file work_20.cif (mmCIF, C-alpha atoms; chains and numbers go by the auth columns)
data_protein
#
loop_
_atom_site.group_PDB
_atom_site.id
_atom_site.type_symbol
_atom_site.label_atom_id
_atom_site.label_comp_id
_atom_site.label_asym_id
_atom_site.label_seq_id
_atom_site.Cartn_x
_atom_site.Cartn_y
_atom_site.Cartn_z
_atom_site.B_iso_or_equiv
_atom_site.auth_seq_id
_atom_site.auth_asym_id
ATOM 1 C CA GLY A 1 79.751 132.076 116.654 0.00 1 A
ATOM 2 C CA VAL A 2 79.599 128.327 117.203 0.00 2 A
ATOM 3 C CA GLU A 3 82.004 126.312 115.051 0.00 3 A
ATOM 4 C CA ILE A 4 82.645 122.584 114.648 0.00 4 A
ATOM 5 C CA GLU A 5 86.059 121.270 113.571 0.00 5 A
ATOM 6 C CA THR A 6 85.948 117.567 112.728 0.00 6 A
ATOM 7 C CA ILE A 7 88.705 115.494 114.350 0.00 7 A
ATOM 8 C CA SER A 8 89.459 112.220 112.522 0.00 8 A
ATOM 9 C CA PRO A 9 86.013 111.558 110.949 0.00 9 A
ATOM 10 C CA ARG A 10 75.956 110.402 108.031 0.00 10 A
ATOM 11 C CA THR A 11 73.939 109.518 111.156 0.00 11 A
ATOM 12 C CA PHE A 12 72.356 112.639 112.629 0.00 12 A
ATOM 13 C CA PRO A 13 70.864 112.419 116.138 0.00 13 A
ATOM 14 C CA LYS A 14 67.097 112.040 116.302 0.00 14 A
ATOM 15 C CA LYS A 15 64.851 114.504 118.103 0.00 15 A
ATOM 16 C CA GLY A 16 64.006 113.389 121.629 0.00 16 A
ATOM 17 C CA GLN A 17 66.549 110.558 121.782 0.00 17 A
ATOM 18 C CA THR A 18 69.376 109.829 124.196 0.00 18 A
ATOM 19 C CA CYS A 19 72.984 109.746 122.998 0.00 19 A
ATOM 20 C CA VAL A 20 75.973 108.674 125.102 0.00 20 A
ATOM 21 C CA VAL A 21 79.292 110.446 124.555 0.00 21 A
ATOM 22 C CA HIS A 22 82.609 110.892 126.372 0.00 22 A
ATOM 23 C CA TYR A 23 83.301 114.635 126.336 0.00 23 A
ATOM 24 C CA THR A 24 86.227 116.660 127.673 0.00 24 A
ATOM 25 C CA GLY A 25 86.252 120.336 128.618 0.00 25 A
ATOM 26 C CA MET A 26 89.050 122.843 128.149 0.00 26 A
ATOM 27 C CA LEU A 27 89.626 126.487 129.032 0.00 27 A
ATOM 28 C CA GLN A 28 91.977 128.981 127.399 0.00 28 A
ATOM 29 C CA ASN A 29 94.336 128.779 130.386 0.00 29 A
ATOM 30 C CA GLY A 30 94.719 124.987 130.211 0.00 30 A
ATOM 31 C CA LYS A 31 92.871 123.698 133.289 0.00 31 A
ATOM 32 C CA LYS A 32 90.503 120.719 133.059 0.00 32 A
ATOM 33 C CA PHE A 33 87.235 121.706 134.728 0.00 33 A
ATOM 34 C CA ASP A 34 85.661 118.361 133.765 0.00 34 A
ATOM 35 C CA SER A 35 86.729 115.052 132.236 0.00 35 A
ATOM 36 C CA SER A 36 84.297 112.243 131.444 0.00 36 A
ATOM 37 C CA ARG A 37 87.166 109.939 130.447 0.00 37 A
ATOM 38 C CA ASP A 38 88.807 110.293 133.868 0.00 38 A
ATOM 39 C CA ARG A 39 85.526 109.513 135.647 0.00 39 A
ATOM 40 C CA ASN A 40 85.225 106.260 133.631 0.00 40 A
ATOM 41 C CA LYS A 41 81.437 106.745 133.506 0.00 41 A
ATOM 42 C CA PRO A 42 79.560 107.181 130.197 0.00 42 A
ATOM 43 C CA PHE A 43 77.466 110.343 130.244 0.00 43 A
ATOM 44 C CA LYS A 44 73.908 110.251 128.900 0.00 44 A
ATOM 45 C CA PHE A 45 71.510 113.066 128.054 0.00 45 A
ATOM 46 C CA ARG A 46 68.358 113.787 126.063 0.00 46 A
ATOM 47 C CA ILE A 47 67.972 116.492 123.426 0.00 47 A
ATOM 48 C CA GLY A 48 64.290 117.209 124.058 0.00 48 A
ATOM 49 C CA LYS A 49 64.680 117.193 127.847 0.00 49 A
ATOM 50 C CA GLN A 50 66.593 120.519 127.768 0.00 50 A
ATOM 51 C CA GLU A 51 68.680 119.517 130.797 0.00 51 A
ATOM 52 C CA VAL A 52 72.039 120.399 129.188 0.00 52 A
ATOM 53 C CA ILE A 53 73.416 123.782 128.132 0.00 53 A
ATOM 54 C CA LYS A 54 72.338 124.973 124.690 0.00 54 A
ATOM 55 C CA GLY A 55 75.888 125.008 123.321 0.00 55 A
ATOM 56 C CA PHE A 56 76.542 121.333 124.043 0.00 56 A
ATOM 57 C CA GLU A 57 73.202 120.333 122.513 0.00 57 A
ATOM 58 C CA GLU A 58 73.820 122.459 119.412 0.00 58 A
ATOM 59 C CA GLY A 59 77.265 120.900 119.022 0.00 59 A
ATOM 60 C CA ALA A 60 75.973 117.354 119.483 0.00 60 A
ATOM 61 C CA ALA A 61 73.151 117.916 116.983 0.00 61 A
ATOM 62 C CA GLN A 62 75.710 118.468 114.201 0.00 62 A
ATOM 63 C CA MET A 63 77.942 115.558 115.269 0.00 63 A
ATOM 64 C CA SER A 64 77.791 112.009 113.894 0.00 64 A
ATOM 65 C CA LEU A 65 78.287 108.459 115.127 0.00 65 A
ATOM 66 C CA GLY A 66 81.884 107.528 115.907 0.00 66 A
ATOM 67 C CA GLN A 67 83.368 110.991 115.426 0.00 67 A
ATOM 68 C CA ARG A 68 84.976 113.520 117.772 0.00 68 A
ATOM 69 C CA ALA A 69 85.088 117.279 117.268 0.00 69 A
ATOM 70 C CA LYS A 70 86.040 120.352 119.300 0.00 70 A
ATOM 71 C CA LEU A 71 82.649 122.016 119.829 0.00 71 A
ATOM 72 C CA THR A 72 83.548 125.648 120.473 0.00 72 A
ATOM 73 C CA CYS A 73 80.576 127.167 122.303 0.00 73 A
ATOM 74 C CA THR A 74 79.633 130.818 122.648 0.00 74 A
ATOM 75 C CA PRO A 75 79.860 132.488 126.076 0.00 75 A
ATOM 76 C CA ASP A 76 76.142 133.337 126.026 0.00 76 A
ATOM 77 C CA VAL A 77 74.857 129.845 125.142 0.00 77 A
ATOM 78 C CA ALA A 78 76.739 128.305 128.090 0.00 78 A
ATOM 79 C CA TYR A 79 77.103 130.136 131.425 0.00 79 A
ATOM 80 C CA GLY A 80 76.406 133.611 130.077 0.00 80 A
ATOM 81 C CA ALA A 81 76.402 135.584 133.326 0.00 81 A
ATOM 82 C CA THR A 82 77.152 132.840 135.871 0.00 82 A
ATOM 83 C CA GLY A 83 77.755 129.100 136.064 0.00 83 A
ATOM 84 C CA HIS A 84 78.817 126.632 138.718 0.00 84 A
ATOM 85 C CA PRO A 85 80.314 128.501 141.709 0.00 85 A
ATOM 86 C CA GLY A 86 84.057 127.850 141.612 0.00 86 A
ATOM 87 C CA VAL A 87 84.090 125.777 138.404 0.00 87 A
ATOM 88 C CA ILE A 88 83.542 128.256 135.549 0.00 88 A
ATOM 89 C CA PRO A 89 84.488 131.940 135.897 0.00 89 A
ATOM 90 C CA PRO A 90 82.021 134.573 134.660 0.00 90 A
ATOM 91 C CA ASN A 91 82.479 136.024 131.164 0.00 91 A
ATOM 92 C CA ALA A 92 84.466 133.083 129.831 0.00 92 A
ATOM 93 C CA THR A 93 84.162 130.645 126.946 0.00 93 A
ATOM 94 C CA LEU A 94 83.788 126.864 127.188 0.00 94 A
ATOM 95 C CA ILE A 95 85.319 124.410 124.709 0.00 95 A
ATOM 96 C CA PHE A 96 83.899 120.874 124.791 0.00 96 A
ATOM 97 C CA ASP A 97 85.613 118.122 122.786 0.00 97 A
ATOM 98 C CA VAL A 98 82.503 116.010 122.247 0.00 98 A
ATOM 99 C CA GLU A 99 83.075 112.416 121.088 0.00 99 A
ATOM 100 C CA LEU A 100 79.686 110.998 120.106 0.00 100 A
ATOM 101 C CA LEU A 101 79.553 107.229 120.703 0.00 101 A
ATOM 102 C CA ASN A 102 75.799 106.663 120.748 0.00 102 A
ATOM 103 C CA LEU A 103 74.007 103.484 119.690 0.00 103 A
#
call {"tool": "encode", "arguments": {"input": "work_20.cif", "output": "structure tokens"}}
result
Amino acid sequence: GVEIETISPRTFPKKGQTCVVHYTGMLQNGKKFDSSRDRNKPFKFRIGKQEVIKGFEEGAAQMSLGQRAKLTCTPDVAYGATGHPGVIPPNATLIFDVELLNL
């Protein structure tokens, strides 16, 4: 049930290539469990490395250069039964506002 809602919008990410993006997480209650903008550090990851949750990768695969979108991820594709102890509660969704700013 993954959905992508474009926020203020064609360069699709290549397979096995790194893409930097400043993403922000949000829960239904309203608490910020992570914030890349507050850390002031650009996050980098690889698609083929499979080091990130499947929901974030699936949302970034459909994104484009210079465009942000609320990537609503399914509970199973990201922390299905358990996640980080104390950060994400079990049986809960995870909304990531990915803002792809790759080169």
call {"tool": "residues_around", "arguments": {"input": "work_20.cif", "residues": "residue 31 in chain A", "least_positions_apart": "6", "cutoff": "12 Å", "atoms": "all atoms listed in the file", "output": "PyMOL selection string"}}
result
chain A and resi 24-25+87-88+94-95
call {"tool": "resolve_selection", "arguments": {"input": "work_20.cif", "expression": "the PyMOL selection byres ((chain A and resi 64-70) around 10)", "output": "JSON, numbers by chain"}}
result
{"A": [3, 4, 5, 6, 7, 8, 9, 10, 11, 12, 13, 19, 21, 22, 23, 24, 25, 26, 59, 60, 61, 62, 63, 71, 72, 73, 95, 96, 97, 98, 99, 100, 101, 102, 103]}
call {"tool": "atom_distance", "arguments": {"input": "work_20.cif", "atom1": "CA of residue 90 in chain A", "atom2": "CA of residue 74 in chain A"}}
result
12.8 Å
call {"tool": "resolve_selection", "arguments": {"input": "work_20.cif", "expression": "the PyMOL selection byres ((chain A and resi 48) around 12)", "output": "CSV table (one decimal) with C-alpha atoms, keeping the file's coordinate frame"}}
result
chain,number,residue,atom,x,y,z
A,13,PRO,CA,70.9,112.4,116.1
A,14,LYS,CA,67.1,112.0,116.3
A,15,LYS,CA,64.9,114.5,118.1
A,16,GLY,CA,64.0,113.4,121.6
A,17,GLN,CA,66.5,110.6,121.8
A,18,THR,CA,69.4,109.8,124.2
A,19,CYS,CA,73.0,109.7,123.0
A,45,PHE,CA,71.5,113.1,128.1
A,46,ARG,CA,68.4,113.8,126.1
A,47,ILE,CA,68.0,116.5,123.4
A,49,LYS,CA,64.7,117.2,127.8
A,50,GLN,CA,66.6,120.5,127.8
A,51,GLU,CA,68.7,119.5,130.8
A,52,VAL,CA,72.0,120.4,129.2
A,53,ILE,CA,73.4,123.8,128.1
A,54,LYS,CA,72.3,125.0,124.7
A,57,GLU,CA,73.2,120.3,122.5
A,58,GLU,CA,73.8,122.5,119.4
A,61,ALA,CA,73.2,117.9,117.0
call {"tool": "atom_distance", "arguments": {"input": "work_20.cif", "atom1": "CA of residue 91 in chain A", "atom2": "CA of residue 2 in chain A"}}
result
16.2 Å
call {"tool": "closest_residue", "arguments": {"input": "work_20.cif", "among": "A:84, A:76, A:55, A:20", "to": "residue 34 in chain A", "atoms": "only C-alpha atoms"}}
result
A:84
call {"tool": "atom_distance", "arguments": {"input": "work_20.cif", "atom1": "CA of residue 43 in chain A", "atom2": "CA of residue 56 in chain A"}}
result
12.7 Å
call {"tool": "axis_aligned_box", "arguments": {"input": "work_20.cif", "around": "range 78-95 of chain A", "padding_each_side": "6 Å", "output": "lines of an AutoDock Vina configuration file"}}
result
center_x = 80.9
center_y = 130.2
center_z = 133.2
size_x = 20.9
size_y = 23.6
size_z = 29.0
call {"tool": "closest_residue", "arguments": {"input": "work_20.cif", "among": "A:33, A:28, A:44, A:39", "to": "residue 86 in chain A", "atoms": "all atoms listed in the file"}}
result
A:33
call {"tool": "closest_residue", "arguments": {"input": "work_20.cif", "among": "A:93, A:30, A:40, A:35", "to": "residue 78 in chain A", "atoms": "only C-alpha atoms"}}
result
A:93
call {"tool": "build_atoms", "arguments": {"input": "work_20.cif", "residues": "range 57-76 of chain A", "atoms": "N, CA and C atoms", "output": "compact mmCIF listing (two decimals), keeping the file's coordinate frame"}}
result
# COMPACT_ATOMS: atom_id res chain seq x y z
N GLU A 57 74.23 120.96 123.33
CA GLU A 57 73.20 120.33 122.51
C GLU A 57 73.34 120.73 121.05
N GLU A 58 73.63 122.01 120.79
CA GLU A 58 73.82 122.46 119.41
C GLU A 58 75.04 121.81 118.78
N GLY A 59 76.10 121.57 119.56
CA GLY A 59 77.26 120.90 119.02
C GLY A 59 77.03 119.42 118.78
N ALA A 60 76.26 118.77 119.65
CA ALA A 60 75.97 117.35 119.48
C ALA A 60 74.98 117.11 118.36
N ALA A 61 74.11 118.08 118.07
CA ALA A 61 73.15 117.92 116.98
C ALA A 61 73.84 117.82 115.63
N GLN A 62 74.97 118.50 115.46
CA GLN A 62 75.71 118.47 114.20
C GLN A 62 76.73 117.34 114.14
N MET A 63 76.97 116.64 115.24
CA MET A 63 77.94 115.56 115.27
C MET A 63 77.36 114.31 114.61
N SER A 64 78.19 113.27 114.49
CA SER A 64 77.79 112.01 113.89
C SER A 64 78.28 110.86 114.76
N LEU A 65 77.91 109.64 114.37
CA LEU A 65 78.29 108.46 115.13
C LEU A 65 79.76 108.13 114.90
N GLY A 66 80.48 107.87 115.99
CA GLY A 66 81.88 107.53 115.91
C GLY A 66 82.75 108.64 115.35
N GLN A 67 82.61 109.84 115.90
CA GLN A 67 83.37 110.99 115.43
C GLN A 67 83.49 112.00 116.55
N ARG A 68 84.70 112.51 116.76
CA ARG A 68 84.98 113.52 117.77
C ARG A 68 85.25 114.86 117.10
N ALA A 69 84.91 115.94 117.80
CA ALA A 69 85.09 117.28 117.27
C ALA A 69 85.10 118.27 118.42
N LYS A 70 85.95 119.30 118.30
CA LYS A 70 86.04 120.35 119.30
C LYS A 70 84.88 121.31 119.09
N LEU A 71 83.85 121.19 119.94
CA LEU A 71 82.65 122.02 119.83
C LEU A 71 82.88 123.31 120.59
N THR A 72 83.34 124.34 119.87
CA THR A 72 83.55 125.65 120.47
C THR A 72 82.20 126.33 120.69
N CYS A 73 81.86 126.59 121.95
CA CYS A 73 80.58 127.17 122.30
C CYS A 73 80.72 128.65 122.61
N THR A 74 79.65 129.40 122.37
CA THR A 74 79.63 130.82 122.65
C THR A 74 79.50 131.06 124.15
N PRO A 75 80.00 132.20 124.64
CA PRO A 75 79.86 132.49 126.08
C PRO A 75 78.42 132.64 126.52
N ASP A 76 77.53 133.12 125.64
CA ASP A 76 76.14 133.34 126.03
C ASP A 76 75.34 132.04 126.08
